[PDB]
Structure formats: structure tokens, C-alpha cells
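One structure is given below, encoded as C-alpha cells.
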Amino acid sequence: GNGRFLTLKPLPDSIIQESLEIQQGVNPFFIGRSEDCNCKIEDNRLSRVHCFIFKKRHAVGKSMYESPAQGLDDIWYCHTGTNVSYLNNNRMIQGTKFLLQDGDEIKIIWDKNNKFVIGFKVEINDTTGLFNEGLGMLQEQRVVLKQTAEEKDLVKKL
């Protein structure tokens with residue numbers, strides 16, 4: 001783990017076959033058409049801050065012993081593109097936050113007529129104090145969350 005905590009690899013299933021590497025030091029990782037986005041994807045439909053993956057400290061209870069997930073950090077995928085995105089089987093409109101599990105393929109654009117399909121595979125190599133890495137633990141909860149003024153601020157800087 002030289003620095004790349006998470007690796008987003010736009011796989012062949014995606015119009016673009018490149019590899020993106022999020023660094024533990026980079027939070028949140030911005031994605032879109034304009035390289036400004038830490039992540040780089042050239043999709044005419046994509047936007048400047050098409051979407052970004054943000055990292056937050058996992059909210060847990062009180063550990064009265066020696067156990068993990070005692071306040072570590074989780075990685076949330078935050079879609080900011082008007083073209084909406086799809087992760088596994090969840091919808092994510094511009095202004096949503098989603099939990100990212102190791103080996104998560106996120107599709108940011110799918111066109112039936114234009115045959116435009118995108119999708120990157122999240123591969124976590126380094127765990128920068130992650131409660132797990134992003135795949136959670138026990139009863140997986142894959143639900144789309146709503147973005148707030150806080151997340152909106154992150155994109156303000158990009």
C-alpha cells in the first residue's frame with residue numbers, strides 16, 4: 001500500500017478500459033469528465049463532478065473489549081452526475097451517497113439505444129484504518145443515501 005487505498009478499474013464492460021486508483025490520502029475521490037475529478041473517465045455524457053467516492057468514519061457503538069469496526073472508516077460512493085448511476089442493483093441520482101463494498105462495480109452511465117455502458121470495479125488493496133474495507137460485516141445493507149450540505153461542500157473544492 002504505497003498510497004492507493006482503493007482501486008477503481010473501469011473494466012472492459014465499460015466503454016473505457018482504464019484503471020483508477022484512490023489514495024488513502026485522497027478523500028473524497030472525485031469522478032467525472034473534467035480531470036478535475038480525481039478519477040478520470042471520458043464520457044460525453046459524464047459531468048465535471050459526475051460522481052465522487054467519499055470516505056467517512058464508521059459510526060459504531062462502544063467496544064467494551066478488543067474488536068474491530070470500533071470507529072474505523074468506511075468509503076461511500078457519492079453520485080453527482082445528472083445521468084444517474086447504478087451500483088450492483090441500486091439507483092443513485094446526482095446527490096446520493098452509497099456504501100462501497102470491496103469488488104464493487106459501479107455503472108455511471110447506461111444507454112440502451114446508444115449502447116453506452118460504463119462501470120468501474122472497486123478493488124481495495126490498502127485499508128487506511130477501515131472498519132473492514134467497505135464490504136461491511138453481517139447483514140449487508142445496500143441502500144442509497146441522500147447527499148447533504150456537508151457532501152455538497154466536498155464537491156465545491158473537487
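Here, A, B, ... name the chains of the C-alpha cells in the order displayed, residue numbers run from 1 inside each chain, and ligands are numbered from 1 in the same displayed order.
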For this session: Return as a ChimeraX atom specification the full set of residues in chain A whose backbone-based DSSP assignment is strand (DSSP E).
Result: /A:4-10,20-23,29-32,39-40,51-57,73-79,85-87,90-92,96-99,104-107,120-124,145-146
With N, CA and C atoms retained, export the selected residues as a compact mmCIF listing (two decimals), in the first residue's frame.
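Saved file selection.txt follows:
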# COMPACT_ATOMS: atom_id res chain seq x y z
N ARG A 4 -2.32 3.99 -2.76
CA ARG A 4 -3.60 3.63 -3.34
C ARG A 4 -4.37 2.74 -2.39
N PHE A 5 -5.35 3.31 -1.73
CA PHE A 5 -6.16 2.57 -0.79
C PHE A 5 -7.18 1.73 -1.54
N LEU A 6 -7.86 2.39 -2.47
CA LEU A 6 -8.89 1.75 -3.28
C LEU A 6 -8.57 1.91 -4.76
N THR A 7 -8.86 0.87 -5.54
CA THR A 7 -8.60 0.90 -6.97
C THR A 7 -9.88 0.76 -7.77
N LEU A 8 -10.23 1.80 -8.51
CA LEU A 8 -11.41 1.76 -9.36
C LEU A 8 -10.95 1.45 -10.76
N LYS A 9 -11.24 0.25 -11.23
CA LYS A 9 -10.78 -0.14 -12.55
C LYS A 9 -11.90 -0.22 -13.58
N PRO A 10 -12.04 0.82 -14.42
CA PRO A 10 -13.04 0.81 -15.48
C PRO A 10 -12.80 -0.40 -16.38
N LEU A 20 -8.32 3.33 -12.29
CA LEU A 20 -8.26 4.49 -11.41
C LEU A 20 -7.86 4.04 -10.01
N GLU A 21 -7.00 4.80 -9.35
CA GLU A 21 -6.54 4.43 -8.02
C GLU A 21 -6.78 5.53 -6.98
N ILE A 22 -7.72 5.29 -6.07
CA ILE A 22 -7.99 6.23 -5.00
C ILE A 22 -6.94 6.05 -3.92
N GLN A 23 -6.41 7.15 -3.41
CA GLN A 23 -5.39 7.07 -2.38
C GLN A 23 -5.98 7.31 -1.01
N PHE A 29 -12.84 11.04 -3.42
CA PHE A 29 -12.30 10.89 -4.76
C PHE A 29 -13.36 11.35 -5.74
N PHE A 30 -13.04 12.40 -6.48
CA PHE A 30 -13.97 12.99 -7.41
C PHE A 30 -13.85 12.35 -8.78
N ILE A 31 -15.00 12.11 -9.38
CA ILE A 31 -15.08 11.46 -10.68
C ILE A 31 -15.99 12.23 -11.63
N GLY A 32 -15.61 12.23 -12.89
CA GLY A 32 -16.36 12.92 -13.91
C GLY A 32 -15.59 13.06 -15.21
N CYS A 39 -10.75 11.01 -10.25
CA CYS A 39 -10.95 9.88 -11.14
C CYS A 39 -11.10 10.41 -12.56
N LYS A 40 -10.58 9.69 -13.55
CA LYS A 40 -10.67 10.18 -14.93
C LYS A 40 -11.42 9.24 -15.87
N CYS A 51 -19.44 12.23 -10.24
CA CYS A 51 -19.61 11.43 -9.03
C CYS A 51 -18.30 11.34 -8.29
N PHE A 52 -18.38 11.13 -6.99
CA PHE A 52 -17.19 11.02 -6.18
C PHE A 52 -17.38 10.02 -5.07
N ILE A 53 -16.31 9.37 -4.70
CA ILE A 53 -16.35 8.42 -3.61
C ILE A 53 -15.75 9.10 -2.40
N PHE A 54 -16.53 9.18 -1.35
CA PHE A 54 -16.10 9.85 -0.15
C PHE A 54 -15.87 8.83 0.95
N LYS A 55 -14.98 9.17 1.86
CA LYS A 55 -14.66 8.29 2.97
C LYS A 55 -15.02 8.95 4.30
N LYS A 56 -15.72 8.20 5.14
CA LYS A 56 -16.16 8.70 6.44
C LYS A 56 -15.88 7.69 7.54
N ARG A 57 -15.82 8.16 8.78
CA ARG A 57 -15.57 7.29 9.91
C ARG A 57 -16.84 6.51 10.25
N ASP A 73 -13.08 3.68 9.47
CA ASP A 73 -13.66 4.48 8.39
C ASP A 73 -14.22 3.64 7.25
N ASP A 74 -15.32 4.12 6.67
CA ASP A 74 -15.98 3.45 5.55
C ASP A 74 -15.91 4.34 4.30
N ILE A 75 -16.03 3.74 3.12
CA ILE A 75 -15.98 4.50 1.87
C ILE A 75 -17.35 4.54 1.19
N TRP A 76 -17.87 5.75 1.05
CA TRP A 76 -19.17 5.97 0.44
C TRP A 76 -19.04 6.51 -0.98
N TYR A 77 -19.78 5.91 -1.91
CA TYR A 77 -19.78 6.36 -3.29
C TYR A 77 -20.88 7.40 -3.46
N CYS A 78 -20.49 8.62 -3.81
CA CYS A 78 -21.47 9.70 -3.95
C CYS A 78 -21.64 10.14 -5.40
N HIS A 79 -22.77 9.76 -6.00
CA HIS A 79 -23.05 10.16 -7.38
C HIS A 79 -23.48 11.62 -7.45
N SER A 85 -26.44 7.04 -11.74
CA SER A 85 -25.57 5.88 -11.78
C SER A 85 -26.26 4.66 -11.18
N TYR A 86 -25.68 3.48 -11.42
CA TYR A 86 -26.23 2.23 -10.90
C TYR A 86 -25.13 1.35 -10.31
N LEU A 87 -25.25 1.03 -9.03
CA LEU A 87 -24.27 0.19 -8.36
C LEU A 87 -24.87 -1.17 -8.00
N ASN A 90 -28.65 -0.85 -7.32
CA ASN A 90 -29.21 0.31 -6.64
C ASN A 90 -29.09 1.57 -7.50
N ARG A 91 -30.12 2.41 -7.46
CA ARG A 91 -30.14 3.65 -8.23
C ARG A 91 -29.48 4.77 -7.44
N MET A 92 -28.72 5.62 -8.13
CA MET A 92 -28.04 6.73 -7.47
C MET A 92 -28.10 8.00 -8.30
N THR A 96 -26.69 11.65 -4.14
CA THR A 96 -26.87 10.47 -3.32
C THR A 96 -25.54 9.90 -2.86
N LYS A 97 -25.59 9.19 -1.75
CA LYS A 97 -24.41 8.56 -1.17
C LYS A 97 -24.66 7.07 -1.03
N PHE A 98 -23.65 6.25 -1.35
CA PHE A 98 -23.83 4.81 -1.28
C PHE A 98 -22.60 4.08 -0.72
N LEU A 99 -22.86 3.02 0.03
CA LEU A 99 -21.80 2.21 0.62
C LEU A 99 -21.07 1.41 -0.45
N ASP A 104 -16.66 -3.74 -5.93
CA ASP A 104 -17.93 -3.13 -6.31
C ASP A 104 -17.86 -2.54 -7.71
N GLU A 105 -18.74 -3.00 -8.59
CA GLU A 105 -18.77 -2.49 -9.96
C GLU A 105 -19.84 -1.41 -10.06
N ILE A 106 -19.41 -0.17 -10.25
CA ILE A 106 -20.34 0.95 -10.33
C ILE A 106 -20.51 1.44 -11.76
N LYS A 107 -21.74 1.37 -12.25
CA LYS A 107 -22.07 1.84 -13.59
C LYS A 107 -22.62 3.26 -13.49
N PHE A 120 -16.98 0.70 -13.29
CA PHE A 120 -15.64 0.54 -12.73
C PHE A 120 -15.68 -0.43 -11.55
N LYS A 121 -14.62 -1.21 -11.39
CA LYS A 121 -14.55 -2.18 -10.31
C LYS A 121 -13.69 -1.67 -9.16
N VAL A 122 -14.30 -1.52 -7.99
CA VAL A 122 -13.60 -1.05 -6.81
C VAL A 122 -12.80 -2.17 -6.16
N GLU A 123 -11.48 -2.02 -6.16
CA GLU A 123 -10.59 -3.01 -5.57
C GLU A 123 -9.76 -2.38 -4.46
N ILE A 124 -10.03 -2.78 -3.23
CA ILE A 124 -9.31 -2.24 -2.08
C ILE A 124 -8.06 -3.05 -1.77
N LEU A 145 -28.25 6.44 -0.03
CA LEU A 145 -28.48 7.54 0.90
C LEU A 145 -28.57 8.87 0.16
N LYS A 146 -28.99 9.91 0.86
CA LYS A 146 -29.13 11.23 0.26
C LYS A 146 -27.97 12.14 0.68
For this session: Looking only at helix (DSSP H, G or I) from DSSP on the backbone, list the matching residues of range 48-158 of chain A as an MDAnalysis selection string.
Result: chainID A and resid 149:157
Residue subset to file, keeping C-alpha atoms, as a CSV table (one decimal), in the first residue's frame:
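Output file result_23.csv is given in full below:
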chain,number,residue,atom,x,y,z
A,149,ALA,CA,-24.7,20.2,2.7
A,150,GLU,CA,-21.6,18.5,4.0
A,151,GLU,CA,-21.0,16.3,0.9
A,152,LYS,CA,-22.0,19.3,-1.3
A,153,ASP,CA,-19.0,21.1,0.2
A,154,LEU,CA,-16.6,18.4,-0.8
A,155,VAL,CA,-17.5,18.8,-4.4
A,156,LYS,CA,-17.2,22.6,-4.0
A,157,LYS,CA,-13.4,22.1,-4.0
For this session: Compile the contact shell of residue 11 in chain A as a PyMOL selection string: residues with an atom at most 8 Å away, counting only C-alpha atoms, same-chain residues fewer than 5 positions apart removed.
Result: chain A and resi 16-19+119-121
Could you write out that same residue set with N, CA, C and O atoms as a compact mmCIF listing (two decimals), in the first residue's frame?
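Wrote selection10.txt, looks like this:
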# COMPACT_ATOMS: atom_id res chain seq x y z
N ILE A 16 -14.87 2.61 -21.48
CA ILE A 16 -13.48 2.97 -21.21
C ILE A 16 -12.78 1.90 -20.37
O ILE A 16 -13.25 1.54 -19.30
N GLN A 17 -11.64 1.41 -20.86
CA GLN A 17 -10.89 0.38 -20.13
C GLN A 17 -9.61 0.95 -19.56
O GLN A 17 -8.52 0.78 -20.11
N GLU A 18 -9.77 1.63 -18.44
CA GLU A 18 -8.67 2.26 -17.72
C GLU A 18 -8.68 1.81 -16.27
O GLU A 18 -9.59 1.09 -15.87
N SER A 19 -7.68 2.22 -15.50
CA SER A 19 -7.64 1.87 -14.08
C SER A 19 -7.42 3.12 -13.24
O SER A 19 -6.47 3.87 -13.45
N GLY A 119 -18.78 1.27 -16.22
CA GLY A 119 -18.69 0.52 -14.99
C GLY A 119 -17.27 0.30 -14.53
O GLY A 119 -16.44 -0.23 -15.27
N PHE A 120 -16.98 0.70 -13.29
CA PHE A 120 -15.64 0.54 -12.73
C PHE A 120 -15.68 -0.43 -11.55
O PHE A 120 -16.65 -0.46 -10.80
N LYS A 121 -14.62 -1.21 -11.39
CA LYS A 121 -14.55 -2.18 -10.31
C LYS A 121 -13.69 -1.67 -9.16
O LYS A 121 -12.49 -1.42 -9.33
